[PDB]
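Same order as they appear, the protein sequences are chains B, S, V and W. Numbered according to the UniProt record's numbering, the first sequence terminates at residue 523, and the numbering increases by one at each position without gaps. Numbered according to the UniProt record's numbering, the second sequence terminates at residue 523, and the numbering increases by one at each position without gaps. Numbered according to the UniProt record's numbering, the third sequence terminates at residue 480, and the numbering increases by one at each position without gaps. Numbered according to the UniProt record's numbering, the fourth sequence terminates at residue 263, and the numbering increases by one at each position without gaps. Built from N, CA and C at the ideal position, the CB exists for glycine as well.
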Amino acid sequence: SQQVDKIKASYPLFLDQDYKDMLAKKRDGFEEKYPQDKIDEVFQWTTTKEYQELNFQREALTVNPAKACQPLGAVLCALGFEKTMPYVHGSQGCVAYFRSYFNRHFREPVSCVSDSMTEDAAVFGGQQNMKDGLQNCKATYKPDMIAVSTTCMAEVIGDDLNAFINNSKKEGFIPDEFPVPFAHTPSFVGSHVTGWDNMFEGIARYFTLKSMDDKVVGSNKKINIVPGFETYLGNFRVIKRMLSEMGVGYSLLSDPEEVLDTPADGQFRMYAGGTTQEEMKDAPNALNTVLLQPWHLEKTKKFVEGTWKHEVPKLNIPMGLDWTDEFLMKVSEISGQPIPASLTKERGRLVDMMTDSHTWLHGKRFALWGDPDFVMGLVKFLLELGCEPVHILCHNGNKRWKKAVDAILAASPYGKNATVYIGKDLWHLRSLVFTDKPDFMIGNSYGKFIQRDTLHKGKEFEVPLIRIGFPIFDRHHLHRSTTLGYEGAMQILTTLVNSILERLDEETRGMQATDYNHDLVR
Amino acid sequence: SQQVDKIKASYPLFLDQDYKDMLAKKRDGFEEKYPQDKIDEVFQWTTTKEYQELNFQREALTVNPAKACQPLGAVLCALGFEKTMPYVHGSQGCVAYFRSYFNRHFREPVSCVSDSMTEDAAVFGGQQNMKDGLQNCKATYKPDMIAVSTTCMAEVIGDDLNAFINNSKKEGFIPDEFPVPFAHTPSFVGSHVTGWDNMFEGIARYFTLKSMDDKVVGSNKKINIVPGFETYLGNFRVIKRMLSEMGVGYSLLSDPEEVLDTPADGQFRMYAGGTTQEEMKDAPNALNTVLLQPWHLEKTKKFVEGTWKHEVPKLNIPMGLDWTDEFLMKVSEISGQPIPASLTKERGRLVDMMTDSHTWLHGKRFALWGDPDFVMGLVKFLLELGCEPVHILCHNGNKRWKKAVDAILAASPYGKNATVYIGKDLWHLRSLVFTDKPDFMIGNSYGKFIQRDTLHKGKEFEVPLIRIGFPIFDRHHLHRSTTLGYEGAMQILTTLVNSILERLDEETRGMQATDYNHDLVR
Amino acid sequence: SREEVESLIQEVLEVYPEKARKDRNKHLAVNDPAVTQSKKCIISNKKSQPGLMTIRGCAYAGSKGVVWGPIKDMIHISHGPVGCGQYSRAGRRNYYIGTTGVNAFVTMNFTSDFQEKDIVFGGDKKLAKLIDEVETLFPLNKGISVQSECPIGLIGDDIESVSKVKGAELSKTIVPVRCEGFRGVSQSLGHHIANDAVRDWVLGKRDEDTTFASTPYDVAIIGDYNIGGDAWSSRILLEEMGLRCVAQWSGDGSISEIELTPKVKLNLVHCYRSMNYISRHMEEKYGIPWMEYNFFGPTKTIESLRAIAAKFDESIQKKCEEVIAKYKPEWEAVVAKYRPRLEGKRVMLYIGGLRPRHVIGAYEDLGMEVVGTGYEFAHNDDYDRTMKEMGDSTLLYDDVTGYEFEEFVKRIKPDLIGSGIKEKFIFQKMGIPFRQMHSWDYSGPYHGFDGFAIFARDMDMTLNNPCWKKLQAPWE
Amino acid sequence: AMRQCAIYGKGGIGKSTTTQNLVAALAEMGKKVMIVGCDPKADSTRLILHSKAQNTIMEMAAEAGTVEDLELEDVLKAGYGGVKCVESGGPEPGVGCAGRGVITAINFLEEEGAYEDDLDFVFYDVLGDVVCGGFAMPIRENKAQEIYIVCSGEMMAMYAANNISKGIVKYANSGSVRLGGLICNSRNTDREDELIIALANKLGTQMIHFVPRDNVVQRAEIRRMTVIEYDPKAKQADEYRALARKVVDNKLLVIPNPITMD
Ligand SMILES: Nc1ncnc2c1ncn2[C@@H]1O[C@H](COP(=O)(O)OP(=O)(O)CP(=O)(O)O)[C@@H](O)[C@H]1O
Ligand code: ICS
Ligand code: CLF
Ligand code: CLF
Ligand SMILES: [Fe+2]
Ligand SMILES: [Fe+2]
Ligand SMILES: [Mg+2]
């Protein structure tokens with residue numbers, strides 16, 4: 002039933018007595034469902050130390066992973082260049098998924114094509130699909146550039162991207178000077194951050210490999226910035242703002258900030274802004290190249306050190322105070338510009354915030370996950386705050402990264418109770434937050450399922466989710482946030498101390514029971 | 002008892018059984034406390050329509066007001082001027098409170114003096130305190146300027162600030178040229194916003210009244226901006242950023258953003274930034290003067306229209322989409338500068354956010370309160386979002402303003418269920434949220450006790466507090482936010498839609514009851 | 005108009021190379037409600053032209069995302085690299101009642117997460133080991149499906165063998181599904197491979213069993229995936245009408261309901277496209293008749309209730325007329341409130357395989373007109389059903405391209421578009437009101453009388469929203 | 002400076018034998034040579050390394066977890082004459098995907114810089130039936146630039162040379178990869194050398210050398226050695242030196258023209 006003045010959607014509609022009664026009959030009659038008694042006992046068992054031991058013996062099964070595959074990163078990379086169409090050579094199912102995935106995170110259109118390789122293209126190869134596809138795409142959507150990556154099936158069968166594209170050009174499907182950079186992006190290797198590294202390297206090699214002869218390092222007086230797989234619009238914007246503020250000439254290579262934030266003004270723009278082809282061609286002339294997220298830009302770094310001959314600085318991701326400081330001094334060192342009074346003041350305003358909030362953050366325990374550089378940046382900042390990371394999970398992490406993060410942890414009194422996990426998923430993490438309960442989780446939307454689980458055990462075991470990372474599908478416009486630099490650090494500090502205060506108020510909102518500590522002033 | 006490894010503060014310590022027992026004995030033995038039965042019965046009665054009728058018949062009793070008194074606004078005004086010491090002539094109890102109130106909201110030092118009028122100065126006048134105080138203040142704290150306001154007692158006994166200051170100067174306690182503007186700020190008239198209007202008009206009168214002879218309107222080619230009582234740092238900044246973006250020469254009169262956000266770098270800066278004495282002297286040469294919060298800058302408006310002869314534009318507070326637009330076009334008409342592409346795009350990004358979040362914002366019902374201009378800005382935006390204001394309260398509001406807002410409400414389908422209240426307090430609003438339950442409250446920290454009350458009645462009756470306004474004492478660093486312009490509207494849009502999604506997740510987090518609607522993607 | 009629309013078709017097609025032009029021309033038509041053989045006017049279910057930004061998915065999405073995934077008390081393994089399973093995790097809102105991770109698993113992502121060694125050496129050993137860990141960590145699971153991603157089908161892993169061997173060792177139904185993404189041309193073949201697997205590995209488990217107590221009023225709901233609770237909202241009407249719903253395929257579905265479906269008297273098929281396969285098979289093997297119904301809006305629902313009740317005795321027909329009389333004042337008030345706000349409005353639709361024709365009824369009940377519609381992957385028998393439901397000189401498109409759909413809308417200028425998440429943000433930026441017609445924009449149900457109320461409210465809230473008048477800056 | 006060559010030919014024709022005997026002579030001439038085996042049975046370096054070279058690339062990756070964890074030191078060994086050997090590895094018959102194993106191994110060698118010591122020649126030994134893209138990995142751009150096709154006078158061997166040449170064309174047109182010649186590994190058929198010269202002519206290439214059938218080759222193979230190492234004075238041993246000298250001096254690199262069977 003519906004009262005026309007107050008229509009109910011699925012919640013709370015299905016709580017009406019007639020639906021509830023109907024669902025009771027469904028279950029009893031046809032579901033052959035395990036008794037509630039058993040379900041509760043099984044549930045309780047999965048929260049124990051013994052279930053954790055079994056759970057951590059897994060060797061073949063993955064449950065709720067915290068990563069996606071390579072071409073997702075390639076697509077994001079390709080999106081960052083002017084009038085560029087991401088083009089994924091292989092099965093079209095993948096593209097439908099990549100677009101949907103980014104649509105939901107960005108609440109924006111996401112442009113990308115497939116060349117629709119079917120069963121006969123599986124056994125004969127995708128040479129024809131690549132010919133017809135490059136021609137059709139150029140004609141219909143008119144990009145300046147098409148950036149080609151691969152699905153897993155094109156990789157199993159070894160479709161030679163370089164040859165397929167050269168024959169397309171040789172046979173007149175697209176003009177020879179029409180730029181078609183490529184990168185093999187196999188999904189069964191690494192993860193989506195690895196796909197970003199691979200795609201960027203293809204494009205950079207495409208524009209600079211032939212013509213190294215006339216390049217002189219330092220001759221355009223600018224600093225190359227490579228951001229890596231990045232999904233906070235504010236992150237592109239803050240790097241650009243701090244460099245402009247210092248007077249540093251800079252060149253952001255892969256810049257999707259504009260095209261992922263177009264205005265609603267009556268027209269759809271498939272393309273907007275981004276790194277130009279001329280900027281890439283000119284990149285080897287820069288003073289140096291800074292990699293924002295080095296732990297997934299290793300292939301890019303070898304090409305840039307080897308072919309461009311830049312002394313790429315050893316910098317951590319510029320998150321939190323020390324590493325933002327370190328980033329700014331090194332940009333200062335490369336370019337000759339001193340650090341302006343305006344950035345120095347901003348630094349002291351983040352310090353002021355740390356001093357103001359330290360009593361509430363101190364000793365607070367967090368479980369967290371995400372991509373390698375993000376996680377280590379977030380871990381470093383939690384330590385600078387007097388917080389205790391407890392469970393650090395990075396599913397797409399490696400042994401060397403794990404070694405670096407264990408060193409940061411051990412350098413501080415606040416890391417004594419923390420352990421780093423690589424190769425482990427969100428079902429592992431779920432066990433950890435039941436057996437060794439932290440105060441909060443910091444991760445993406447997928448963590449809401451953990452929070453629901455911890456709550457089902459009991460309100461005193463509930464571990465709230467703090468949404469920082471990618472993808473965030475169940476809040477709106479968090480993709481406009483910042484995590485880098487001083488600006489990112491202020492936002493994170495504010496998100497953290499206020500999650501802490503929001504939770505405390507909930508635990509103290511009980512009339513004449515807990516509200517003696519329901520303070521007006523915190 | 003305490004575990005040395007996991008120490009408990011007041012919460013949850015006193016939930017230990019021995020404290021619980023000790024409290025049970027205290028009550029029973031010595032409190033002569035009404036039986037729980039009666040307490041529950043009176044409580045239920047305070048949630049009904051009949052109590053509301055009694056509650057709304059009040060004529061003499063005020064409960065939980067939503068305003069402060071004039072000198073607080075006067076102090077905030079003076080703080081916004083270069084090296085200026087706010088000076089409140091009267092009782093020192095007032096000053097200890099003013100600083101505290103601002104300390105807790107801004108989490109910054111707040112400098113202001115009293116001249117400590119005691120019982121004998123009550124009966125003999127505050128002439129002597131004023132002589133010694135100005136001399137002592139000037140010598141010890143060395144401001145460039147001293148801005149004198151009054152406590153309620155100095156107003157009752159008619160202490161003539163003008164006379165007392167001149168006799169201070171004639172007798173050499175402070176130098177004759179040393180700037181000492183003043184304003185009578187009685188706490189039994191209007192409130193803290195009226196105090197700001199009074200202070201600003203006194204300072205402006207001080208620097209420009211004698212010398213109107215040599216002023217020509219429009220000759221410095223700048224637009225004067227008067228912010229009014231504003232407690233979001235970001236609001237001063239967004240106005241400064243948008244004018245600069247347009248190339249409009251501007252002069253912001255009363256600018257405390259710097260002094261309220263000094264860096265923690267090893268030294269205390271009693272003063273920083275602010276409107277210079279030269280800016281004030283030069284103000285009448287500006288093209289025109291824009292008042293950001295007209296509904297409490299009426300005294301200022303008469304002085305500037307009467308004496309400076311600026312044709313002050315008829316502008317609403319620039320909040321939400323229409324009135325930000327309206328503000329930008331008027332600044333464009335006055336200065337001659339076009340509206341730049343970067344602002345046009347900023348507008349389309351706010352529109353884009355509104356199209357993206359509209360299905361969740363639609364039909365949501367809000368109770369809200371705060372200052373006159375803030376409230377109406379907030380009401381106008383909710384209507385632009387498709388939301389339904391229901392209870393609009395403004396305790397320090399007046400009958401004309403009430404009419405202005407009822408007209409705005411009537412201009413939209415979404416205002417048909419709203420009522421505006423002036424003169425009514427937070428104990429009145431509490432009845433309103435029990436008898437005609439909205440989905441959320443938008444207000445300041447004082448609202449957390451209302452939420453505590455609605456929850457004690459029942460989880461289905463709980464009305465969550467969304468903290469936007471002044472003062473905010475129970476979250477950290479919200480005073481860095483923005484509420485004006487496109488940037489302000491984006492922050493407000495994001496807070497509202499995510500408060501809605503956060504609450505829905507809470508209502509659907511129940512394992513095997515409501516979590517069928519605990520969706521990953523919202 | 006008929007000629008004007010034909011002209012619009014020829015102009016749009018001018019941008020394509022000749023091969024893509026000759027083909028895309030076959031998939032765009034000007035409707036004739038008189039035509040009953042759609043082959044004559046349009047062709048469908050062909051492979052997409054490379055590089056043209058089709059909105060189509062793959063066989064795996066069709067099988068795992070759509071048919072299998074909703075079955076709540078089985079564990080569905082995304083077999084292969086980590087991407088597929090991760091982009092589809094809780095993306096489709098197939099609602100279910102259960103204790104997730106204990107006795108129910110719908111929102112969870114199970115995968116074998118192929119690395120390079122698993123590609124080169126094959127993954128049958130890992131798959132076997134994977135099933136042991138599952139049975140350890142989720143002992144209340146009542147069966148397991150193995151959903152092959154692209155590379156499982158290339159390298160020739162023997163998942164049937166692993167399923168027979170491990171299933172015997174554990175006395176557990178394990179269903180191997182070859183829903184390799186490169187198979188077919190879209191989601192459609194995945195439905196089919198999903199239905200044949202249900203048939204081959206589950207539907208027959210109780211062929212010899214006669215313990216279940218059957219009545220002449222037993223029916224199954226086939227082809228409702230309970231989006232936002234659509235199926236729960238349908239089920240209630242059928243039962244108030246005195247029918248007993250033994251099964252729901254596959255929204256809120258259990259493996260036991262599927263095994264008990266052969267005991268019903270009539271199969272109620274909502275989504276024809278995705279489950280007409282198993283319905284024909286159940287008629288051939290068990291003698292069970294099946295019929296298509298539509299519970300979108302009052303007119304279609306009322307007509308469907310009467311048609312279904314006519315398959316039984318007069319008692320059920322009596323109860324039919326009761327249910328109708330009960331909800332009559334409720335759907336009439338919805339009409340009185342929302343139709344005046346929607347009358348005369350024009351909508352263009354583009355969805356998968358059922359809704360582009362199925363929901364036309366609900367729109368008309370609010371006085372709206374469907375001026376254009378098309379499918380991602382229908383077959384010609386869907387377009388046979390479609391053309392009488394559309395008006396004359398309306399536009400029909402199949403596997404429409406991003407470009408084509410963009411340009412059609414520019415000319416036709418509808419007031420509302422109802423399509424998917426990939427379409428959404430394109431058209432909002434154009435100032436055109438947009439409703440998601442897969443996910444229902446996280447709202448719904450829209451099925452039945454209770455859904456229609458949410459349906460009316462959603463179409464009006466969006467189309468008449470104050471945000472749509474704000475797209476142009478006053479100064480330009 | 003560096004020359005990369007890929008050896009193709011009909012299954013069972015003598016590629017791995019011919020390749021290894023050539024490289025032996027090449028090393029004996031003072032060349033720095035690497036052999037890259039691209040066959041799941043991993044027999045391509047078995048005669049340069051006596052008895053064992055236990056460690057294939059895929060094997061070590063499977064054991065080590067991932068290819069990225071694997072260091073160059075683990076899979077590349079030196080045998081007779083300082084000849085460097087590495088094997089792709091792959092699955093046993095009938096399971097997994099040997100093609101992808103080749104892609105991964107060749108990609109590993111590139112990423113780890115295996116090509117940049119001071120090498121004169123790189124030889125890729127590929128299996129007979131080239132069933133997929135993986136097994137053309139050695140003839141992509143920046144891999145082998147010279148291809149030699151092993152054949153003989155019988156109908157089937159020549160038919161195969163022609164079909165491998167068609168598979169080459171797409172890699173030859175779009176790249177720099179070129180056919181170097183046909184090497185005739187005799188089966189003692191009538192007027193066989195003339196016959197292979199004729200075939201070479203129709204393709205657009207030459208027959209670089211006629212290698213006689215001599216059972217010392219198999220006798221040395223049974224000893225896990227090249228003829229060069231097993232018996233340096235034998236007639237067959239001088240044959241591989243002649244073949245070796247000619248490959249050093251070859252300048253003929255063509256795009257072949259495949260014929261229609263008539
Ligand atoms: N010139 C020659 N005279 C006599 N026997 C020879 C010979 N060349 C090769 N053989 C023998 O023929 C057999 C095949 O040699 P080899 O293994 O090198 O062929 P191949 O590599 O083409 C097979 P595949 O295609 O499966 O890799 C071996 O036993 C080898 O000793
Ligand atoms: S199953 Fe089909 S695309 Fe019949 S694959 Fe698709 S939940 Fe659509 S038009 Mo998404 S044939 Fe269902 C469908 Fe229709 S996923 Fe849903 S909305 S009625
Ligand atoms: S010593 Fe007097 S009793 Fe003490 S705090 Fe001061 S007034 Fe009160 Fe003042 S704060 Fe404003 S100006 Fe009057 S109302 Fe009140
Ligand atoms: S048609 Fe999968 S998303 Fe792809 S690159 Fe492979 S991991 Fe990543 Fe369908 S079954 Fe899946 S989604 Fe495609 S791969 Fe195929
Ligand atoms: Fe958007
Ligand atoms: Fe502070
Ligand atoms: Mg061989």
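By the beta-carbon neighbour count (other beta carbons within 10 angstroms, threshold 16), S/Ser188 is buried. For V/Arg359, the CB falls within less than 6 Å of some heavy atom of ligand 2. No heavy atom of ligand 2 is found nearer than 6 Å to the CB of W/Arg225. Residues of the same chain with a CB within less than 8 Å of the CB of V/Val39, apart from the 5 flanking positions on each side, are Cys45 and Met391 in chain order.
Looking only at V/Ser308, V/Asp402, V/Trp335 and V/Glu334, the smallest Cα-Cα distance to V/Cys324 is reached by V/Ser308. In this structure S/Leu261 is buried. Its beta-carbon is surrounded by 16 or more other beta-carbon atoms within 10 angstroms. In the structure shown, the three-state DSSP call for S/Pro176 is coil. Relative to ligand 5, the nearest heavy atom lies less than 6 Å away from the CB of S/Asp353. The straight-line gap separating the alpha-carbon atoms of S/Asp520 and B/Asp475 is approximately 8 Å.
One thing to note: B/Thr290 has its Cβ within 7 Å of the Cβ of B/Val313. Taking non-hydrogen atoms of ligand 6 into account, the C-beta of S/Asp475 is found less than 6 Å away from none of them. In this structure, V/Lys43 places its C-beta atom within 7 Å of the C-beta atom of V/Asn384.
For S/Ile493, no CB of chain V lies under 7 Å from its own CB, so it is not counted at the interface with that chain. Proximity of chain S to B/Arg108 at the Cβ level (cut-off 7 Å) is accounted for by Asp357, in chain order. Closest option to B/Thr85, judged by alpha-carbon separation, among B/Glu120, B/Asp6 and B/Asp256: B/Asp256. Ordered by chain, the residues meeting the criterion of a beta-carbon within less than 5 Å of a non-hydrogen atom of ligand 7 are W/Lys16 and W/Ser17.
Annotation: W/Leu183 to W/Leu204 spans about 10 Å, alpha carbon to alpha carbon.
Comparing alpha carbon positions, the residue from B/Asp41, B/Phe15, B/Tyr98 and B/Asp17 closest to B/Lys458 is B/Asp41. When Cβ-Cβ separations below 7 Å define contact, W/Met61 makes no contact with chain V.
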